[PDB]
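K.L.:
My structure is below; once you've seen it, I'll send some questions.
Number of protein chains: 4
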Amino acid sequence: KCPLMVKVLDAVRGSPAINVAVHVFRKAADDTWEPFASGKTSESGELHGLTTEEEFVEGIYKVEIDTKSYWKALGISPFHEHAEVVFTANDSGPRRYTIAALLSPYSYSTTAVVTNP
Amino acid sequence: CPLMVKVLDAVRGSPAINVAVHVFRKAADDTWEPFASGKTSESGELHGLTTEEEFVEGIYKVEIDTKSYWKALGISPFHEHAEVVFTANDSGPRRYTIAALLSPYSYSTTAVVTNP
Amino acid sequence: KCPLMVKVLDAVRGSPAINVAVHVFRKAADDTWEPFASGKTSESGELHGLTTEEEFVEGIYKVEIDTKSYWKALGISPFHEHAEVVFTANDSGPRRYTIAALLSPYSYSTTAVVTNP
Amino acid sequence: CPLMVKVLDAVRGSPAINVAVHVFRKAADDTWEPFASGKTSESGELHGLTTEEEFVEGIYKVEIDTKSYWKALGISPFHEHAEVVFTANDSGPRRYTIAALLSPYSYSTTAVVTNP
Ligand SMILES: Nc1nc(-c2cccc3cccnc23)c2cn[nH]c2n1
Ligand SMILES: Nc1nc(-c2cccc3cccnc23)c2cn[nH]c2n1
Ligand SMILES: [Ca+2]
Ligand SMILES: [Ca+2]
Ligand SMILES: [Ca+2]
Ligand SMILES: [Ca+2]
């Protein structure tokens with residue numbers, strides 16, 4: 009899957025970032041964050057299967073990538089608690105979203121690739 | 010001078026001017042308490058957010074309102090904002106600069122932590 | 009293919025960067041750049057098939073991504089002439105290299121993912 | 010002040026200090042003629058590369074010796090260097106800053122072009 013994919017790379021080692029926890033939240037009508045989906049990156053640094061076309065409705069989503077546990081498992085003390093990405097999804101109908109992240113101990117960058125299925 | 014934010018625009022090749030920035034500190038109940046805020050200057054910098062006495066160790070979030078910035082320029086943005094969350098640890102003397110580089114569908118952020 | 013792949017994304021549109029020309033050079037024994045391989049990114053922003061295991065020997069390689077023609081075709085006046093990446097390849101035996109690039113009109117970033125086949 | 014380079018280190022969270030920077034201009038035969046060079050300061054900045062009279066329109070390459078920088082820190086690097094190639098165009102008054110953010114297997118660069 010499918011409509012929402014996350015890909016994570018490590019800029020120190022030149023590798024996929026493997027076994028990174030990713031948590032997705034959706035803003036509820038009362039303005040709180042409701043848990044939506046979560047998972048871990050594979051050996052290729054990718055996380056497929058978060059959601060389905062049925063479940064992934066319009067809304068404001070937050071994707072939190074647990075960069076802190078990643079670095080700590082490699083024995084490194086990182087700066088950021090996580091890398092987040094917050095965006096409005098599916099406003100003009102369903103789209104496929106890939107959230108890509110590139111990690112360093114004191115920096116991260118993220119991009120979105122949005123395609124019309 | 011303990012906390013400074015600096016923002017650049019990767020589309021126009023310029024400082025990101027008049028961008029709203031809010032800083033929050035994580036409270037004991039895990040909620041975010043507003044801590045400081047301002048708007049970037051003509052140089053894309055925001056100085057004077059806090060003081061040495063106020064800025065204690067803890068977990069902080071710097072939220073940069075990128076969506077309003079892109080909309081004021083007529084450019085279509087992806088993200089609601091950019092949120093930068095980090096732990097401040099006392100080691101010896103430190104100044105923190107949070108630097109960010111903005112594009113419509115991407116952003117990057119780095120921390121520059123120096124000893125005055 | 010295979011040992012050398014290039015992937016290009018557009019940070020303005022949130023899309024793959026399609027039909028981007030990529031030229032690869034290898035440093036010759038006289039210290040000049042010898043043409044090595046070239047191609048164009050596909051609809052997915054990827055360029056496979058540049059080289060083969062046989063041809064891709066040790067050496068210092070330059071990958072030049074024609075970012076200027078990309079932007080000009082979209083009607084935009086960009087800053088950089090190209091995005092390059094220069095690196096020593098295969099020094100401790102064959103590796104697979106992915107050179108990924110993220111483009112904006114006044115900025116680019118690049119990362120390398122190196123895996124042991 | 011027409012050309013400045015500023016370099017940051019994404020691993021250590023610091024300015025990239027004592028990094029060698031060479032600038033070349035593209036010659037009529039398509040070769041690169043050395044034009045200016047220096048080493049970044051304690052702030053990671055390199056000022057005084059050129060003068061307004063010298064810096065004419067044309068195609069320039071800023072080569073940042075990232076490999077020597079990482080090796081002096083004991084960190085294993087991927088790239089030989091970082092080469093940043095751009096066209097300078099006269100529009101009205103302009104100052105150029107080439108900013109770069111370094112990691113061992115990645116770098117990014119942006120241009121900040123302002124009107125003094
Ligand atoms: N945020 C971010 N993600 C990427 C990036 C991450 C994962 C897969 C990709 C595939 C192609 C191009 N990019 C990536 C890259 C690469 N250079 N800079 C970047 N910045
Ligand atoms: N290429 C590049 N340069 C920067 C960057 C480098 C040097 C000084 C700056 C001052 C303000 C904002 N940015 C910078 C930053 C920061 N986050 N991501 C980046 N990417
Ligand atoms: Ca709608
Ligand atoms: Ca402390
Ligand atoms: Ca060898
Ligand atoms: Ca001109």
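Residue numbers (the deposited numbering), protein chains in the order written: chain A, 9 to 125; chain B, 10 to 125; chain A', 9 to 125; chain B', 10 to 125. A prime marks a further copy of an entry chain.
In this text, a Cβ means the ideal position worked out from N, Cα and C, and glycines have one as well.
If contact means a Cβ-Cβ distance below 8 Å, which residues of the stretch 84-96 of chain A' contact chain B?
P.N.:
For chain B, the residues of the stretch 84-96 of chain A' that bring a beta carbon within less than 8 Å of one of its beta carbons are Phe87, in chain order.
K.L.:
Report, in whole angstroms, the separation of the C-beta atoms of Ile107 (chain A') and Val93 (chain A'), which I expect to be a contact under 8 Å.
P.N.:
5 Å
K.L.:
Measuring from each Cβ to the nearest heavy atom of ligand 4, keep the ones under 7 Å and list them in chain order.
P.N.:
B:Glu66, B:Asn98, B:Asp99, B:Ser100
K.L.:
Locate the beta strand (DSSP E) running through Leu82 (chain B), then write down its first and last residues.
P.N.:
That residue, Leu82 (chain B), is in no beta strand (DSSP E); its alpha helix (DSSP H) goes 75-82.
K.L.:
Return the residue from the list A:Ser115, A:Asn124, A:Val71, A:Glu72 that minimises the CA-CA distance to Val121 (chain B).
P.N.:
A:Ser115
K.L.:
For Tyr116 (chain A), which residues in chain B fall below 8 Å Cβ to Cβ?
P.N.:
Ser117, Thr118
K.L.:
Among the candidates A:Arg103, A:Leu12, A:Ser112, A:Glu89, whose CA atom is the shortest distance from the CA of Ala45 (chain A)?
P.N.:
A:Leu12
K.L.:
Check whether chain B comes within 7 Å of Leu17 (chain B'), counting only Cβ atoms and requiring the distance to be less than that.
P.N.:
yes
K.L.:
Please determine, among A:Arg104, A:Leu110, A:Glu66, the residue with the shortest C-alpha to C-alpha distance to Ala25 (chain A).
P.N.:
A:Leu110
K.L.:
Would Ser117 (chain A) be called buried (16 or more neighbouring beta carbons within 10 Å of its own) or exposed?
P.N.:
That one is buried.
K.L.:
Using C-beta distances below 8 Å, list every residue in its chain close to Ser23 (chain B), excluding the 5 sequence neighbours before and after it, in chain order.
P.N.:
Correct list, in chain order: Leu17, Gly53.
K.L.:
Would you mind sorting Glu66 (chain A) into buried or exposed? The rule is 16 or more other CB atoms within 10 Å of its CB.
P.N.:
Exposed is the call here.
K.L.:
Is the separation between the beta-carbon of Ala19 (chain B) and that of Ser112 (chain A') shorter than 7 Å?
P.N.:
yes
K.L.:
Of the choices A:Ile73, A:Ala81, A:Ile84, whose alpha-carbon is the least far from that of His90 (chain A)?
P.N.:
A:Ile73
K.L.:
Give the straight-line distance between the Cα atoms of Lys15 (chain B') and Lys80 (chain B), rounded to the nearest whole angstrom.
P.N.:
Taking the straight line from one Cα to the other gives about 29 Å.
K.L.:
With burial defined as no fewer than 16 other Cβ atoms inside 10 Å of the residue's Cβ, what is the status of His88 (chain A'): buried or exposed?
P.N.:
buried
K.L.:
Measure from the C-beta of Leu110 (chain A') to each C-beta in chain A and report whether the shortest distance is under 7 Å.
P.N.:
yes
K.L.:
Return yes when the C-beta of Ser52 (chain A') is under 6 Å from any heavy atom of ligand 1, and no when it is not.
P.N.:
no
K.L.:
Under 8 Å by Cβ, that's how I've got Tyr69 (chain B) and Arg34 (chain B) pegged, so tell me the actual separation to the nearest angstrom.
P.N.:
6 Å
K.L.:
State the Cα-Cα distance for the pair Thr59 (chain B) and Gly47 (chain B), rounded to the nearest angstrom.
P.N.:
If you draw a straight line from the Cα of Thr59 (chain B) to the Cα of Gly47 (chain B), it comes to about 11 Å.
K.L.:
Return the bridge partner residues of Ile107 (chain A) from the DSSP annotation.
P.N.:
A:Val14, A:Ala120
K.L.:
Compute every distance between the C-beta of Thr119 (chain B) and the non-hydrogen atoms of ligand 2, then say whether any falls below 6 Å.
P.N.:
Because some heavy atom of ligand 2 lies under 6 Å away, the Cβ of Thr119 (chain B) counts as near it: yes.
K.L.:
Return the CA-CA distance between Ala37 (chain A) and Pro43 (chain B), expressed in angstroms with no decimal places.
P.N.:
22 Å
K.L.:
Opposite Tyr114 (chain A') in the DSSP bridges: which residues?
P.N.:
Bridge partners of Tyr114 (chain A'): none, in fact.
K.L.:
For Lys35 (chain B), name the three-state secondary structure that DSSP assigns.
P.N.:
For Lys35 (chain B), the secondary structure class from DSSP, reduced to helix, strand or coil, is strand.
K.L.:
When burial is assigned at 16 or more other CB atoms within 10 Å of the CB, is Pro86 (chain A) buried or exposed?
P.N.:
buried
K.L.:
What's the gap between the Cα of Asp39 (chain B) and the Cα of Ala97 (chain B)?
P.N.:
16 Å
K.L.:
Give me the Cα-Cα distance between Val32 (chain B) and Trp41 (chain B), rounded to the nearest whole angstrom.
P.N.:
9 Å
K.L.:
Is the closest heavy atom of ligand 1 to the C-beta of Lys15 (chain A') under 6 Å?
P.N.:
yes
K.L.:
Between A:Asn27, A:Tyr105, A:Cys10, which has its C-alpha nearest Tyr78 (chain A)'s C-alpha?
P.N.:
A:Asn27
K.L.:
Just to make sure I have the definition right: I need the residues of chain A whose C-beta is within less than 7 Å of the C-beta of residue 190 (chain A'). Which are they?
P.N.:
This structure cannot settle anything about residue 190 (chain A'), because the visible part of chain A' is limited to 9 through 125.
K.L.:
Taking the beta carbon of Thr75 (chain B') as the centre, do at least 16 other beta carbons fall within 10 Å, making it buried, or is it exposed?
P.N.:
buried
K.L.:
Taking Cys10 (chain A) as the reference, give the member of A:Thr119, A:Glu51, A:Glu63 with the closest Cα.
P.N.:
A:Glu63
K.L.:
Looking at the structure shown, is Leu58 (chain B) part of a helix, part of a strand, or coil, going by DSSP?
P.N.:
coil
K.L.:
Hey, does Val71 (chain B') have any beta-carbon neighbour from chain A nearer than 7 Å?
P.N.:
Answer no: the Cβ-Cβ gap between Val71 (chain B') and chain A never drops below 7 Å.
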